[PDB]
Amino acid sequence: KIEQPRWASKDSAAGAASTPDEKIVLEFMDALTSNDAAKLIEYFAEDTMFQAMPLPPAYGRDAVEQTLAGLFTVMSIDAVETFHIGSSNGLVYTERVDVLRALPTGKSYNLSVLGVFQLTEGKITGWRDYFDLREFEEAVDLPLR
């Protein structure tokens, strides 16, 4: 389904977790397809934040969970393909496609996402996904902003 971008690194290491933190992030990417904020929130420290960057940030584990829960009321993460994962300084970066499916319309969209995760002691203390919201909105006829 998810084609390898032409620009994807052909260094096969780039797409695999090479550290405990990158491993957690890829496990978390897999967990995203649960569409289950209660499951996902277990990856997060209390002192954390989440931001789909087109949308407002959620600060604190509670806000993260409820903000995630809110997203999963309207969209399913059907698949997450991480082409590149890297990390430095406690930040993990993921270049991904998230196959998103708007529940109201049933339309799916391959969201090109570059995500950054701050981990502290194996828990997510920051997760920001960068992507273009409009193209997603217009594709799936789902008003998010």
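Don't overthink the numbering: it's just position in the shown sequence, from 1.
- Here 102-110 and 64-72 are compared by their mean Cα B-factor, and 102-110 comes out higher.
- Relative to one another, 9-17 and 123-131 have unequal mean CA B-factors, and 9-17 is the one with the higher figure.
- Note on the listed residues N35, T48, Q51, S88: the highest Cα temperature factor in the record is that of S88.
- Among the modelled residues of the chain, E95 sits in the lowest third by CA temperature factor in this PDB entry.
- In this PDB entry, the Cα temperature factor of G115 sits in the bottom third of its chain's modelled residues, the lowest group.
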